[PDB]
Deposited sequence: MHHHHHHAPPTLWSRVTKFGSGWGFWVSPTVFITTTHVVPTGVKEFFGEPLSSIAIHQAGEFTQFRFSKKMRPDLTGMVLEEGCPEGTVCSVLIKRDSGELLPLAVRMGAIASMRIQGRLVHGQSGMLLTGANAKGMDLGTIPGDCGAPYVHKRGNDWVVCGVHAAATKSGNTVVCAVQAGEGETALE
């Protein structure tokens, strides 16, 4: 069910935190549209800053899901999994050790987020390092309660990643 939250969106992915809250990276979001997921813009509260986008829908969009904890990044040193899917729906998690919060200009856009380091398989598949992989969530486990703390925004050709954080 965790992976059923990861949804193809625009030029990447996003993540359902709850039935009404969807997060993604700003640069993958469609532009010049009258709706997202069939809902009018009048029924969505949208907040975008520092390459983090949050949609709060007035209607229950993903009632199949429970709510989980969304936090604004994680402590330095946390090991997260980036829940990358590819177009088949295949599940390809990327393990990352997270570093410090900062704001970094990457290809003209300011990313407010956390850099991290990837922990040969990933490279063979360009995991995290193709445009279609952005928006995937960074998660870690607190007991058996899952915490999402960012969205994939950037990564070097070849092993630093950046997730945008609220």
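Engineer: Map the modelled residues onto the deposited sequence and report the uncovered stretches in sequence order.
Structural biologist: Residues missing from the model, as numbered along the full deposited sequence, span 1-10, 130-131, 171, 180-188.
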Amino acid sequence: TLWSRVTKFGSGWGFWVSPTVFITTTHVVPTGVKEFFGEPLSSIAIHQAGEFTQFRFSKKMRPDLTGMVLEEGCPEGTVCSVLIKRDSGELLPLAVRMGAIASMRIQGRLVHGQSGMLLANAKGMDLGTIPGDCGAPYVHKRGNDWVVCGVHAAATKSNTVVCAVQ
From here on, numbers count along this sequence of modelled residues.
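What we label the rigid core is the largest C-alpha set whose atoms superpose within 1.5 Å from one form to the other.
Engineer: Could you say which moves further from this form in 8 other deposited structures of this protein, stretch 46-54 or stretch 128-136, by root mean square CA distance after aligning on the core?
Structural biologist: Between the two stretches, 128-136 moves farther in 8 other deposited structures of this protein.
Engineer: Which is farther from the shown form in 8 other deposited structures of this protein in C-alpha RMS with the core fitted, 149-157 or 12-20?
Structural biologist: With the rigid core fitted, 149-157 is the stretch that strays more in 8 other deposited structures of this protein.
Engineer: Would you please confirm whether residue 120 lacks atomic coordinates in a third or more of the other entries that were compared?
Structural biologist: Residue status for residue 120: gap in at least one third of the other entries.
Engineer: State which stretch shows the higher mean Cα B factor in the entry: 61-69 or 103-111.
Structural biologist: Mean C-alpha B-factor is greater for 103-111.
Engineer: Output the stretch having the higher mean C-alpha B factor in the entry; the candidates are 5-13 and 143-151.
Structural biologist: If you average the C-alpha B-factors of 5-13 and of 143-151, the larger mean comes out for 143-151.
Engineer: Based on the PDB record, which member of 134, 46, 29, 122 exhibits the highest Cα temperature factor?
Structural biologist: Highest C-alpha B-factor among the listed residues goes to 122.
Engineer: By its CA B factor, does residue 89 count among the lowest, middle or highest third of the modelled residues in the chain?
Structural biologist: Lowest third - that is where residue 89 ends up once the chain's C-alpha B-factors are sorted.
Engineer: Tell me, lowest, middle or highest third: where does the Cα B factor of residue 40 rank within its chain?
Structural biologist: It belongs to the lowest third of the chain when residues are ordered by C-alpha B-factor.
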